[PDB]
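Beneath this line is the structure, given in structure tokens, with notes to follow.
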Number of protein chains: 2
Amino acid sequence: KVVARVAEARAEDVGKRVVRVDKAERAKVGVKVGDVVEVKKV
Amino acid sequence: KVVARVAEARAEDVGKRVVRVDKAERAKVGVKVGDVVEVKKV
């Protein structure tokens, strides 16, 4: 799996169904900005 | 599943194995800040 540590949202991002992921993780997951992902408990 | 739209990282967050998730999504996923999650292609 592609695994990451959870951090809180920036203030301007509060209230969005959005996750901010840097380009290296996006490349490992196989997604681009705008794509939909599942965020799943490990 | 708990599903979210992918957005790019803020500049200060580039190069981290971190995903920023707001409190509502953290509550739905069942995790707290510092927890490890999987980010999975849908």
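Letters A, B, ... mark the chains of the structure tokens in the order given; residue numbers begin at 1 per chain; ligand numbers begin at 1, in order shown.
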Could you please select, counting only C-alpha atoms, the residues of chain A within 6 Å of chain B and state them as an MDAnalysis selection string? chainID A and resid 2:9 14 17:22 33:42
Identify all residues of chain B in alpha helix (DSSP H) (DSSP on the backbone) and supply them as a PDB file with N, CA and C atoms, in the first residue's frame.
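This went into result24.pdb:
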```pdb
ATOM      1  N   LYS B  23     -10.819  17.689  10.090  1.00  0.00           N
ATOM      2  CA  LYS B  23     -11.315  16.920  11.231  1.00  0.00           C
ATOM      3  C   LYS B  23     -12.545  16.091  10.891  1.00  0.00           C
ATOM      4  N   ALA B  24     -13.409  16.586   9.997  1.00  0.00           N
ATOM      5  CA  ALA B  24     -14.588  15.813   9.630  1.00  0.00           C
ATOM      6  C   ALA B  24     -14.188  14.514   8.929  1.00  0.00           C
ATOM      7  N   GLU B  25     -13.232  14.588   8.000  1.00  0.00           N
ATOM      8  CA  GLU B  25     -12.776  13.360   7.353  1.00  0.00           C
ATOM      9  C   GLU B  25     -12.042  12.460   8.335  1.00  0.00           C
ATOM     10  N   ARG B  26     -11.211  13.040   9.211  1.00  0.00           N
ATOM     11  CA  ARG B  26     -10.535  12.210  10.214  1.00  0.00           C
ATOM     12  C   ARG B  26     -11.549  11.463  11.067  1.00  0.00           C
ATOM     13  N   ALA B  27     -12.614  12.148  11.476  1.00  0.00           N
ATOM     14  CA  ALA B  27     -13.658  11.497  12.261  1.00  0.00           C
ATOM     15  C   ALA B  27     -14.342  10.382  11.468  1.00  0.00           C
ATOM     16  N   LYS B  28     -14.590  10.599  10.171  1.00  0.00           N
ATOM     17  CA  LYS B  28     -15.247   9.562   9.373  1.00  0.00           C
ATOM     18  C   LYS B  28     -14.327   8.368   9.150  1.00  0.00           C
ATOM     19  N   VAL B  29     -13.040   8.626   8.909  1.00  0.00           N
ATOM     20  CA  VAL B  29     -12.057   7.549   8.750  1.00  0.00           C
ATOM     21  C   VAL B  29     -11.846   6.810  10.071  1.00  0.00           C
TER      22      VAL B  29
END
```
Which of chain B DSSP labels strand (DSSP E), written as number ranges by chain: B: 3-8, 18-21, 36-41
